[PDB]
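Below is one structure; the comments refer to it alone.
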Amino acid sequence: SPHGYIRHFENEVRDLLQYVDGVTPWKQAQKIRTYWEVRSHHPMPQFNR
Amino acid sequence: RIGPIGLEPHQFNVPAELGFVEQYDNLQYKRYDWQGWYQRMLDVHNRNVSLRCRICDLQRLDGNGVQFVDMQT
Amino acid sequence: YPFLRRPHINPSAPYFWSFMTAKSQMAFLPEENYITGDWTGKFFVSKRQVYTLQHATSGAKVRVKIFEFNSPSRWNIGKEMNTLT
Amino acid sequence: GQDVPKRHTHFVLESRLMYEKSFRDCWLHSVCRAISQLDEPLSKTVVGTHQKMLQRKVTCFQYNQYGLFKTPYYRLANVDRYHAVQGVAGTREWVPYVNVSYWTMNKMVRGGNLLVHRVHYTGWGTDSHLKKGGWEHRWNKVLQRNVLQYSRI
Amino acid sequence: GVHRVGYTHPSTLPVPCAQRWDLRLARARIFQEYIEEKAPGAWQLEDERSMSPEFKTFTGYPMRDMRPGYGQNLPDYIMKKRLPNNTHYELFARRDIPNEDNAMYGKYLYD
Amino acid sequence: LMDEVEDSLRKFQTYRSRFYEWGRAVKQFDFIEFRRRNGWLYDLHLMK
Amino acid sequence: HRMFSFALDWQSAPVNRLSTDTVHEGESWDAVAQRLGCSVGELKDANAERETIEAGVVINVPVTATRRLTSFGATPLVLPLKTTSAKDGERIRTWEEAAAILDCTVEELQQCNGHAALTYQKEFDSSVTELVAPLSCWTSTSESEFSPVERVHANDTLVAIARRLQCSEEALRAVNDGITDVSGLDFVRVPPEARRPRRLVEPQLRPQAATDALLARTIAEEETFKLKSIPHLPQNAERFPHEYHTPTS
Amino acid sequence: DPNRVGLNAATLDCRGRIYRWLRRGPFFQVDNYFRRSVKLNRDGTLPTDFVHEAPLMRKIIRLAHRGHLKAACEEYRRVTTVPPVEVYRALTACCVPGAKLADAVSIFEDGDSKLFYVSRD
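Residue numbers (the numbering used here), protein chains in the order written: chain H, 535 to 583; chain R, 2 to 74; chain F, 817 to 901; chain B, 927 to 1079; chain E, 11 to 121; chain A, 306 to 353; chain Z, 109 to 357; chain C, 11 to 131.
Below you can see the structure in the form of structure tokens.
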């Protein structure tokens, strides 16, 4: 069993990514949007800081 | 000195040191229902193994007659 | 008391998207802006849900712990419920 | 008596269960956050649309976990086990080694249960690193003993 | 000033020799070293409180990185952080009990 | 000789997996209860 | 060497090198040892059971052979579905039928071919023309493993490239048309009798089909929904330098 | 029995169950999940015959017969059930032509005392 940092977990990251791609459909993952995709509906989305 | 010994010309013998820590409790965590996870904590906290080798020990001849570690190596 | 470790945690024009909001726009919306699993209905939503287009478009019920948002507009889109109150 | 009322025992046991849920969920939550919030490509093999689809899928997996422990450790790390007085970590109302409040530490000093040595209240004790640089230098010395003395492999 | 980082293949040199960048790539292959692309060349700041021998808190390793805002949201900080598995928190979770006798046995079993 | 060697091995040998479980209070109190119930069968001083 | 390239790009050390090989049609004891880069007497000592070799027999590679092959070579094995060489004489309409042909399980063909399994059931709807084999059924050849060409330095002679590839000088000129001066060439062909060749890719590097087996549902639903691009930054993001800061800069 | 594959877990309700959870050994989850799972049957045969883990054994034997020791070792890490004796035979026979004695001894000792003596063949 690996211990400590996440760089020592090689097989566990692979099994987690394979399981996440296995159980999750794509028609659910389409609905999650980023912040600018929501902010694009604002009348003034963009300005300099 | 424990360890395997290679007689084939593609097997070099490196005399190396191994440092490790043994720790067992004898005062409070010697025995009770906590003793298992405390001993596991002492073992996983002492999981370090230090493998040391002098480069001068690597500058020997291989099974093929050539030196194992030269200057550029 | 240590720095910014209080357990119990404003209008600004040039710092609108950068004050009490996420640092990057690449990141996704938080967990309260989506339905996790099988729900019987929540009495109120959390304060960290981002007001989206569908909040002002559909407008079924907006209950924030109380607060009733019955005035939909597009100037709230893209911002969490903290600065809207 | 007897030791402490049972509501405080329930509170300390809920704090221990929160610690156990942190040990359960921290690796999974950290891997999900580090995949989902990365803009650089993950590998040569997975690039472009595959990386964005994988990030959206791991974000959908991360949001679907009801009860995932994402709470930081310092929010409820001031729970006392013997008495119900709530202290603040970072101030003098809490001691870190025996993990009790100032009141409980004074009662266990006056009771004689601990083996503690009294030193002058305006000095730095006996630790040469503590007399040298203070709390930050002993902090860095504990860091140097724990991590930085090992050549990583 | 502003320049582009160069690379010369050993087949192009009049005397071939192993470069330092492919040696870095071999070291990253061996030890699984993450190579950050967006690391700027201008920001090479040493922790001079610890690195300098004429300071009071002198420890030969840089104890803190000179980066304002090295927070939890950055994934490279998440990758190189120590996980709290079998740290002192595990001892606190399994030891700090309001009665120690409920940690050495079950009370029904002892009675 | 194999009987004597297995006798001395079960007297002085343990593995790592048993060393994580050999100090549980259940086994210690079962040892105490087994000494209390039938210690007239296994004791150097109770034969007398 | 990106972030999460420690799990998805690289294998653990060491790399598996094949210690078994199969003798081809016209191969002899001097021809297998030339292909494996070993001596002839060293090849016979590892195969002291067999006095002679026939075609298609399993030989044991000696462990000090310098032309050993890695598992799952970089050339994918393709299988046409409309081939009439099966028992029915028409296109394959069964996952177990293609698994019996490719000598694999049903599940290895589903993770490798997700677009054939998710779109159409186990029929098969002939819009799919062919399918790729899973990684466990691939084979590695000595021409695809080692590179068929060698770079030329600025100060190369014919003796230098011969000593570098551990071949003879006349073996190099035979493949390269007897050319002596190598100044006007940026590449030279390597003879197959060169004992020290250059591999094509890194052997510790993972093949892309092994990672695409982890991404079986990624590639399956990508061809169905016809997703070609997802934007990460908006159309006017480069006009505002301080507004858009991803957590990598 | 492909339908009844699965294990139910607890909820840690009362205070004594919390105290038992804080007094558990270093291997309590994996030990109880392993012993609540596959075990020696009533007539004495192995619990090898598993429906859901059947093609993984075929893949392991197919990869250990073609000389791919590392891939067979990698998909040996993914096993949940007790693997058959043919897995150990194919793995050790893959260890023979490379003279890899330590890998073969580890392959034998993995199933020797831990997995109901399946490699004692």
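Built from N, CA and C at the ideal position, the CB exists for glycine as well.
Which residues DSSP lists as bridging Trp118 of chain Z, in chain order: Mapped onto the seventh sequence, residue 118 of chain Z falls at position 10. Looking at the DSSP assignment, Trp118 of chain Z forms a beta bridge with Z:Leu313.
Runs of alpha helix (DSSP H) wholly within the stretch 50–106 of chain E (minimum 4 residues, chain order): DSSP runs (the alpha helix (DSSP H)) wholly in the stretch 50–106 of chain E: 58–61, 85–89, 98–105.
With a cut-off of 8 angstroms, does the C-beta of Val554 of chain H fall near any C-beta of chain F? For the purposes of this step, residue 554 of chain H is identified with residue 20 of the first sequence, where counting begins at 1. For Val554 of chain H, the answer is no, since every Cβ of chain F falls outside 8 angstroms of its Cβ.
What does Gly35 of chain C touch in chain R if you count any residue whose Cβ is under 7 angstroms from its own? Residue mapping note: residue 35 of chain C aligns to position 25 of the eighth sequence, counting from 1. Those are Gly37, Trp38, listed as they occur along chain R.
Residue environment, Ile3 of chain R, which counts as buried when at least 16 other CB atoms sit within 10 Å: Residue 3 of chain R sits at position 2 when you count from the first residue of the second sequence. With fewer than 16 other Cβ atoms within 10 Å, it is exposed.
Give me the Cβ distance between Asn1066 of chain B and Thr22 of chain E, rounded to the nearest whole Å; I'm assuming they're in contact under 8 angstroms. Here residue 1066 of chain B refers to the residue found at position 140 when the fourth sequence is read from its first residue. Here residue 22 of chain E refers to the residue found at position 12 when the fifth sequence is read from its first residue. The pair is not a contact, with the Cβ atoms about 47 angstroms apart (cut-off 8 angstroms).
Nearest CA to the CA of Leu994 of chain B: which residue from B:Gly1060, B:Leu943, B:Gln977, B:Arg982? Working through the fourth sequence from its first residue, we reach residue 994 of chain B at position 68. Residue B:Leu943 is the option with its Cα nearest to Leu994 of chain B.
DSSP has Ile209 of chain Z in a bridge; who is on the other side? Here residue 209 of chain Z refers to the residue found at position 101 of the seventh sequence. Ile209 of chain Z pairs with nothing; no bridge assigned.
What in chain G is Cβ-close to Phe112 of chain Z, meaning under 8 angstroms? As a matter of chain content, chain G is missing from the structure shown, whose protein chains are H, R, F, B, E, A, Z and C.
Taking 8 angstroms as the threshold, find out whether the stretch 217–233 of chain Z comes into contact with the stretch 68–87 of chain C through three or more Cβ pairs. no
Can a CB atom of chain E be found closer than 8 angstroms to the CB of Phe334 of chain A? Here residue 334 of chain A refers to the residue found at position 29 of the sixth sequence. Interface residue, yes.
Between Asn112 of chain E and chain C, is there a C-beta pair that is closer than 8 angstroms? Counting from 1 along the fifth sequence, the entry for residue 112 of chain E is found at position 102. Closer than 8 angstroms to some Cβ of chain C, the Cβ of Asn112 of chain E qualifies, so yes.
Is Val972 of chain B close to chain Z? Criterion is C-beta to C-beta, closer than 8 angstroms. Here residue 972 of chain B refers to the residue found at position 46 of the fourth sequence. Chain Z contact via Cβ: present.
Given a limit of 9 angstroms on CB to CB distance, which residues of the stretch 978–1000 of chain B reach chain Z? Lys978, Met979, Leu980, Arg982, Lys983
Within 10 Å of its beta-carbon, does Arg933 of chain B have 16 or more other beta-carbons around it, so buried, or fewer, so exposed? Your numbering for residue 933 of chain B matches position 7 in the fourth sequence. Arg933 of chain B is exposed by the Cβ-count criterion.
So, with DSSP's three-state summary, where would you put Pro188 of chain Z? Counting from 1 along the seventh sequence, the entry for residue 188 of chain Z is found at position 80. Strand, per DSSP.
Does any CB atom of chain E fall closer than 8 angstroms to the CB of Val331 of chain A? Here residue 331 of chain A corresponds to residue number 26 of the sixth sequence, with the count starting at 1. Yes, contact with chain E.
Indicate whether at least one CB of chain H lies closer than 8 angstroms to the CB of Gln42 of chain E. Counting from 1 along the fifth sequence, the entry for residue 42 of chain E is found at position 32. Closer than 8 angstroms: yes.
Distance, Cα to Cα, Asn83 of chain E vs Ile961 of chain B? Locating residue 83 of chain E in the fifth sequence gives position 73, where the first residue counts as 1. Locating residue 961 of chain B in the fourth sequence gives position 35, where the first residue counts as 1. Looking at the two C-alpha atoms, the distance is approximately 12 angstroms.
Segments assigned alpha helix (DSSP H), at least 4 residues, entirely inside the stretch 228–253 of chain Z: 250–253
Beta-carbon neighbours of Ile540 of chain H, restricted to chain E and to distances below 9 angstroms: Translated into positions along the first sequence, residue 540 of chain H becomes position 6. Result: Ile88, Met89, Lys90, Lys91, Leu93.
Identity of the residue in H:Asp549, H:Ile540, H:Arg573, H:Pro536 nearest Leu323 of chain Z by Cα: By one-based count along the seventh sequence, residue 323 of chain Z stands at place 215. Residue H:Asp549 holds the alpha-carbon nearest to the alpha-carbon of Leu323 of chain Z among H:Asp549, H:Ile540, H:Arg573, H:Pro536.
Own chain residues within Cβ distance below 8 angstroms of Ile882 of chain F, not counting five before or after: The residue labelled residue 882 of chain F in the question sits at position 66 within the third sequence. Correct list, in chain order: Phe860.
Using the rule of at least 16 other Cβ atoms within 10 Å of the residue's Cβ for burial, across every protein chain shown, is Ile327 of chain Z buried or exposed? Here residue 327 of chain Z corresponds to residue number 219 of the seventh sequence, with the count starting at 1. So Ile327 of chain Z counts as buried.
Would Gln963 of chain B count as contacting chain F if we go by Cβ distances under 8 angstroms? Walking along the fourth sequence from the start, residue 963 of chain B turns up at place 37. So yes, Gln963 of chain B belongs to the interface.
Please check if any C-beta of chain C sits within less than 8 angstroms of the C-beta of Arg32 of chain R. The residue given as residue 32 of chain R occupies position 31 in the second sequence. Chain C contact via Cβ: absent.
Looking at the C-beta of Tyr115 of chain E, does it have a partner C-beta in chain A at a distance below 8 angstroms? Along the fifth sequence, one-based indexing puts residue 115 of chain E at 105. Yes, its Cβ sits closer than 8 angstroms to a Cβ of chain A.
Could you check where the beta strand (DSSP E) with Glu338 of chain A kicks off and where it finishes? Here residue 338 of chain A corresponds to residue number 33 of the sixth sequence, with the count starting at 1. Premise fails: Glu338 of chain A lies in the alpha helix (DSSP H), 330–342, not in any beta strand (DSSP E).
Can you check which of these residues, F:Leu900, F:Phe844, F:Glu896, F:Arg864, is closest to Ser887 of chain F by C-alpha distance? Mapped onto the third sequence, residue 887 of chain F falls at position 71. Comparing Cα positions, the closest option is F:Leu900.
Contact defined as beta carbons within less than 8 angstroms: I believe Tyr87 of chain E pairs with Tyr80 of chain E. What is the distance between those atoms, to the nearest angstrom? For the purposes of this step, residue 87 of chain E is taken as the residue at position 77 of the fifth sequence. For the purposes of this step, residue 80 of chain E is taken as the residue at position 70 of the fifth sequence. That belief holds up - the Cβ atoms of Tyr87 of chain E and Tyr80 of chain E are roughly 6 angstroms apart, short of 8 angstroms.
Distance between beta carbons of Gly292 of chain Z and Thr247 of chain Z, contact taken as under 8 angstroms: Stepping through the seventh sequence from its first residue, residue 247 of chain Z is reached at position 139. Stepping through the seventh sequence from its first residue, residue 292 of chain Z is reached at position 184. About 38 angstroms; that fails the 8 angstroms criterion.
Can you find a CB in chain Z that lies within less than 8 angstroms of the CB of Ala36 of chain E? Counted from its first residue, the fifth sequence places residue 36 of chain E at position 26. Not one chain Z Cβ lies under 8 angstroms of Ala36 of chain E.
Residue-chain proximity (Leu954 of chain B, chain Z), Cβ-Cβ < 8 angstroms: Position 28 of the fourth sequence holds residue 954 of chain B. Using a CB distance cut-off of 8 angstroms, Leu954 of chain B does not count as an interface residue toward chain Z.
Closest to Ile338 of chain Z by C-alpha separation, out of H:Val557, H:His576, H:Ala563, would be which residue? Counting from one through the seventh sequence, the residue named residue 338 of chain Z turns up at place 230. If we check each option's Cα against that of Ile338 of chain Z, H:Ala563 comes out closest.
If you follow the beta strand (DSSP E) that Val97 of chain C is part of, which residue opens it and which one closes it? Translated into the one-based positions of the eighth sequence, residue 97 of chain C becomes position 87. Careful: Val97 of chain C lies outside any beta strand (DSSP E), inside the alpha helix (DSSP H) at 95–105.
8 angstroms is my cut-off, CB to CB: does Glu100 of chain E come that close to chain R? Walking along the fifth sequence from the start, residue 100 of chain E turns up at place 90. Interface residue, yes.
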